[PDB]
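For reference, the structure discussed in these notes is given below.
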Amino acid sequence: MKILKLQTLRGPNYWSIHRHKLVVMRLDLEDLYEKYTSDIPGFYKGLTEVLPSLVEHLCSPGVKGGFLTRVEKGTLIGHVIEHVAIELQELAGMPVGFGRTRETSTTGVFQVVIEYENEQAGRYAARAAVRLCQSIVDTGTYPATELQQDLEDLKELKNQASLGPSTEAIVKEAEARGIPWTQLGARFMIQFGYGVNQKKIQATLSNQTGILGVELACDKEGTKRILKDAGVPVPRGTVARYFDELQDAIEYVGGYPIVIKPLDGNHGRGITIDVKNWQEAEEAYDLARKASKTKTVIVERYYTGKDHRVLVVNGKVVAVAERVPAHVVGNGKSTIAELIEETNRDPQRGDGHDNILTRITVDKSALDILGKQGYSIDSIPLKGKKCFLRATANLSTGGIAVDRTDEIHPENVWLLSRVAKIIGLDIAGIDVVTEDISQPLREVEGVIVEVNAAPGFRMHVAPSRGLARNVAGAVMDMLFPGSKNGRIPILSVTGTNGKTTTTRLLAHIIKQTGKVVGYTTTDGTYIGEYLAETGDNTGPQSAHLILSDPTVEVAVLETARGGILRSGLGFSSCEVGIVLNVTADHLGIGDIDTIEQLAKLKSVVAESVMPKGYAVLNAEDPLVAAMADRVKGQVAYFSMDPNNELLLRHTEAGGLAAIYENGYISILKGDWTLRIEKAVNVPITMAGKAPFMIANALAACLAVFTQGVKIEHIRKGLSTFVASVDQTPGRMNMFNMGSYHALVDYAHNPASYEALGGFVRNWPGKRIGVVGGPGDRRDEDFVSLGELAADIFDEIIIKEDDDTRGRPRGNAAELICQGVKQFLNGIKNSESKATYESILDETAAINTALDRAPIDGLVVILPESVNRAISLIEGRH
Amino acid sequence: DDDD
Ligand SMILES: Nc1ncnc2c1ncn2[C@@H]1O[C@H](COP(=O)(O)OP(=O)(O)OP(O)(O)=S)[C@@H](O)[C@H]1O
Ligand SMILES: Nc1ncnc2c1ncn2[C@@H]1O[C@H](COP(=O)(O)OP(=O)(O)OP(O)(O)=S)[C@@H](O)[C@H]1O
Ligand SMILES: *N[C@@H](CCCNC(N)=[NH2+])C(=O)O
Ligand SMILES: *N[C@@H](CCCNC(N)=[NH2+])C(=O)O
Ligand SMILES: [Mg+2]
Ligand SMILES: [Mg+2]
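Respectively, the protein sequence lines represent chains A and L. All residue numbers in the first sequence are consecutive under PDB author numbering, ending with 877. All letters in the second sequence, in the order written, are residues 1 to 3, 5 by PDB author numbering.
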């Protein structure tokens, strides 16, 4: 067993839709290619002893233990490998239930698909499954120590790439509301939405939380001063840094009792709660001074009452919880010694950062605190009344929270909302000490102890003594006020031969509307009028750049099949999905070997259309039109033939189609015909000579019309879009220099070759062509290219791309020569006797093509890179 | 720190 390739998918993909997280591996079965489990000595027993949990796999039998019966009858090792990977990552607490295995075109390689919850964990499980199965086939069993090591590694991977409970809850709420979310790679920030409608959170702070408010909240004395200036009842306190100032400060606060705390503290280090005389105040001051990082200590009046935590989101009180410190009640005539561990044996209590209820830690400090209680370990509580173990009233110690949201006085709600607004925090956690939260803070001597930025609401979503509160819902309401997601219109263009031109035309048409359009094509990624990134940029790695840009209002993404195969789609859904055509030209790449497979792959864009979206399909293409079903949302057809029966039937019942009827680009809205242009005033059609460009214009116009774009905007965009070097790099770029003309193009497959010929054959001058193709294509494609070039052209110069993609140098050139020779031999008389010659250099090929161009001739160039031809024709004027 |  050798792993040849390991790919991970993060969006809708070839293998499944709504199963975005998948991993696919090319597994080589060098020796066990046709070796069933029933034929392997001791395989079944060793496998079922290593992992007894496989009995829960309801396989194709559909009954408990069906996979075990499948192994009994004899099954290929790829199936058991996928099942053991699923179970291996399932044992680590990660539920996954999708798996597929298919035979590839090559003899010995399988393709195994595993659903994952964590990318690293999924890849690790996929790598470990083959090792486990190889060990089982070699020795009959797998060591238990290696199994435990692998599960511990999987658990570590799951824990490492895990969000915290606050971020997890917020993300779950966003997913429930259908708001897209992605993880930024900088500071554990989560981005909600797309483009100009995006928001960001880290854990609880949003992108709208102010620096000034957070910094003020972090400052205890500044916050107290600000709240006191606003009339908020803060505790009466004073700062002190030297021993001598203590007596004067205690005189100022108003007597006894008092509180001694440090200015800066974490987990309440060195904070005393209640002291009533001199010496204890002295030692508390010493402890706080040695606990503070700046030697300075707060001294304030002590206020009796329970400690409440109030959560304010968007200036509204969302949850109120009373923090009762760790305690035990002897209502069952039992003392502390039994209840300390009786509570610890409750399943609710747990450690870590997931379970709020922590075990009652009987620390030496806790022993001292219960010493100050006035009772002992075996001292039975009187009457069955609460007896406490600590006074910090925190969940980390082992305390409990009581929901008080329904009992807070409205005046208190108003005061706390004012406090949150005064500090300047959209989300704030306010600590209140009061005897009764149901009465105003003025009647009782309630005080505001502190204001917390980025508070943890974990205690409010699981109070354990009241009703849970939907804090994540409140946060999402703040981030997205109405019934609005963060989505921007997404237009995904897929197809075999016209993705780039259609994408650029759509971008231009939408640019006619006053909107910033971010679009990625084969040439590069553009935002507005400026280039944002160079290169290929036809995959999700470039779609993320557009979707995360804060200025993009509409996204038009050219979705090549390569990106879908490699990692799926970069988005969950699209507003418009355009499928132009599916032609079997570059077969054999990946697992795609038949045109049905290619159609299934390209149908991902059509099937990803949201229910309120539109799918623009070519009615003239039978395979594309076959995607009419299994598509959620409306369907729109475009056809170059106005008499298409399917299109007419679709328009009769409904509408939303586009045709080219009598020299017009027209939109059919049912029984109404809306003409856009004469198709001779559209520059890219070149007076209607190029029919494929007319089809691209039809698709683009239909796509923009389905979104409500005005007819005048479509008209202006179609009229002002040019097919020259200023806008189109090499898409039907015609250059005039007087003596002849040069037509540089991007044709590399038989379908685009036929489309190019359908326009070149109309030229009345000499036809010179430099043709070629990528080296990763099949030989039959090269033969077809050669014969088509023989059919359409009069002078042939064959060139092979410098980046040959692993193919031996030259081979494609002589095979295109074989194709042109076959076409030449297929002609009886001198009907078409085009001359042929082959040179393997791009510069030499274009130089020879431009050197021998006669008067009024046409020279067609199909270079590896458009910039080479552009520069070469720019230098020669 | 981190969720105060
Ligand atoms: N002046 C006071 N009067 C009465 N109770 C107080 C007073 N100051 C603090 N407390 C209580 O002590 C708790 C801790 O006080 P804090 O001001 O939060 O000190 P700290 O150093 O910030 O500790 P943490 O990390 O914030 S829990 C509060 O939640 C109150 O229950
Ligand atoms: N609808 C169409 N049908 C057939 N050929 C077309 C069509 N639209 C354009 N072409 C031709 O195909 C060539 C290459 O296609 P482009 O639209 O320029 O780019 P592309 O479709 O993205 O190709 P890839 O996938 O990026 S290699 C163009 O230069 C045209 O000559
Ligand atoms: N509770 C928290 C507030 C700090 C704000 N968060 C960041 N990242 N600055 C604290 O540590 O006091
Ligand atoms: N409190 C906050 C912390 C998680 C974010 N920080 C890191 N390092 N993951 C939370 O989400 O609970
Ligand atoms: Mg604090
Ligand atoms: Mg392209």
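Note that beta-carbon positions come from the ideal geometry of N, C-alpha and C, so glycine has one too.
**Study point:** Under 6 angstroms, CB to nearest heavy atom of ligand 5: contacting residues
**Key:** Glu450(A), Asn452(A), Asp5(L)
Review point. Nearest CA to the CA of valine 297(A): which residue from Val239(A), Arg777(A), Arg26(A), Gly254(A)?
Key: For the residues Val239(A), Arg777(A), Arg26(A), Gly254(A), the minimum Cα distance to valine 297(A) belongs to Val239(A).
Review point. How many angstroms separate the CA atom of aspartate 726(A) from the CA atom of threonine 583(A)?
Key: If you take the alpha carbons of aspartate 726(A) and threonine 583(A), they lie about 30 angstroms apart.
**Study point:** Proximal residues of chain L, C-beta to C-beta of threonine 204(A) below 7 angstroms
**Key:** Result: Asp3.
Review point. Can the beta-carbon of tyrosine 14(A) be found closer than 9 angstroms to that of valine 475(A)?
Key: no
Exercise for review: Pick out whichever of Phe692(A), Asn681(A), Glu754(A) has its Cα sitting closest to the Cα of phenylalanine 721(A).
Suggested key: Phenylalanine 721(A) has its Cα closest to that of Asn681(A), out of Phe692(A), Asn681(A), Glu754(A).
Review point. Taking any Cβ of chain L, which residues in the stretch 455 to 467 of chain A have a Cβ under 9 angstroms from it, in chain order?
Key: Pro455, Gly456, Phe457, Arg458
**Study point:** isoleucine 400(A) versus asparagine 331(A): straight-line alpha-carbon distance, rounded
**Key:** 18 angstroms
**Study point:** Proximity to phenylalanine 480(A) [Cα-Cα], best of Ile340(A), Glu175(A), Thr107(A)
**Key:** Looking at the Cα atoms, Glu175(A) is the closest of the given residues.
Point to revise | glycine 765(A) versus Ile855(A), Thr525(A), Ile798(A), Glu814(A), residue with shortest Cα-Cα distance | key: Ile855(A)
Check your understanding: Does at least one heavy atom of ligand 3 sit under 8 angstroms from the Cβ of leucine 205(A)?
Key -> yes
Exercise for review: Below 7 angstroms CB to CB, which residues in the same chain sit around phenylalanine 188(A) once its five sequence neighbours on both sides are set aside?
Suggested key: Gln202
**Study point:** Same chain, Cβ closer than 7 angstroms to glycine 473(A), neighbours up to 5 away in sequence not counted
**Key:** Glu173
Point to revise | Residues that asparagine 452(A) contacts on chain L, provided the C-beta gap is smaller than 7 angstroms | key: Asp5
Point to revise | Helix, strand or coil at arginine 309(A) according to DSSP, with G and I counted as helix | key: strand
Point to revise | For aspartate 431(A), the residue or residues it bridges with in DSSP | key: For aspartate 431(A), the pairing in a beta bridge is given by DSSP as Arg309(A), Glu450(A).
Review point. If you run the structure through DSSP and keep just helix, strand and coil, what is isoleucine 201(A)?
Key: strand
Review point. Does the beta-carbon of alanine 186(A) have 16 or more other beta-carbons within 10 angstroms, so that it is buried, or is it exposed?
Key: exposed
Point to revise | Own chain partners of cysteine 387(A) with C-beta closer than 8 angstroms, once the 5 adjacent residues on each side are dropped | key: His327, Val328, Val329, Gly330, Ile336, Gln373, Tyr375, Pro381
**Study point:** Residue-chain proximity (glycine 268(A), chain L), Cβ-Cβ < 9 angstroms
**Key:** When Cβ-Cβ separations below 9 angstroms define contact, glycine 268(A) makes no contact with chain L.
Check your understanding: Cβ of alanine 281(A) within 9 angstroms of Cβ of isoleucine 258(A)?
Key -> yes
Check your understanding: Hey, how far is the Cα of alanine 700(A) from the Cα of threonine 502(A)?
Key -> 6 angstroms
Review point. What are the complete alpha helix (DSSP H) segments, minimum 4 residues, inside the stretch 68 to 124 of chain A?
Key: Residue ranges of uninterrupted alpha helix (DSSP H) with 4 or more members, entirely inside the stretch 68 to 124 of chain A and ordered along the chain, are 77 to 91.
Practice item. Compare the C-beta of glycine 399(A) with all C-beta atoms of chain L and state if any pair is closer than 9 angstroms. Key: No, because no Cβ of chain L sits closer than 9 angstroms to the Cβ of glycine 399(A).
Point to revise | Close-in-space but distant-in-sequence residues of the same chain around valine 631(A) (CB under 7 angstroms, 5 per side omitted) | key: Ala606, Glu607, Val609, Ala615
Practice item. Output yes if chain L places a C-beta closer than 9 angstroms to the C-beta of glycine 429(A); else output no. Key: yes
Check your understanding: Are the C-beta of residue 881(A) and some C-beta of chain L separated by less than 9 angstroms?
Key -> Because chain A spans 1 through 877 in this model, residue 881(A) falls outside it and cannot be assessed.
Point to revise | Residues sharing a beta bridge with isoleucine 400(A), DSSP | key: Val324(A)
Review point. What residues in its chain sit with their C-beta under 7 angstroms from that of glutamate 596(A), if we drop five residues either side in the sequence?
Key: none
Practice item. Could you check which residue in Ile488(A), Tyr637(A), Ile792(A) has the C-alpha nearest to that of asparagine 197(A)? Key: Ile488(A)
Check your understanding: Who are the near neighbours of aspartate 523(A) in its chain, counting only those whose CB is closer than 6 angstroms to its CB and skipping five residues on each side?
Key -> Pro729, listed in sequence order.
Practice item. Report whether the distance from the Cβ of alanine 186(A) to the nearest heavy atom of ligand 6 is below 8 angstroms. Key: Because no heavy atom of ligand 6 lies under 8 angstroms away, the Cβ of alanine 186(A) does not count as near it: no.
Check your understanding: Short check: CB of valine 517(A) to CB of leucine 580(A), under 9 angstroms?
Key -> no
Check your understanding: For ligand 6, any of its heavy atoms closer than 8 angstroms to the Cβ of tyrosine 746(A)?
Key -> yes
**Study point:** Closer than 8 angstroms: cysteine 387(A) CB and nearest ligand 3 heavy atom
**Key:** no
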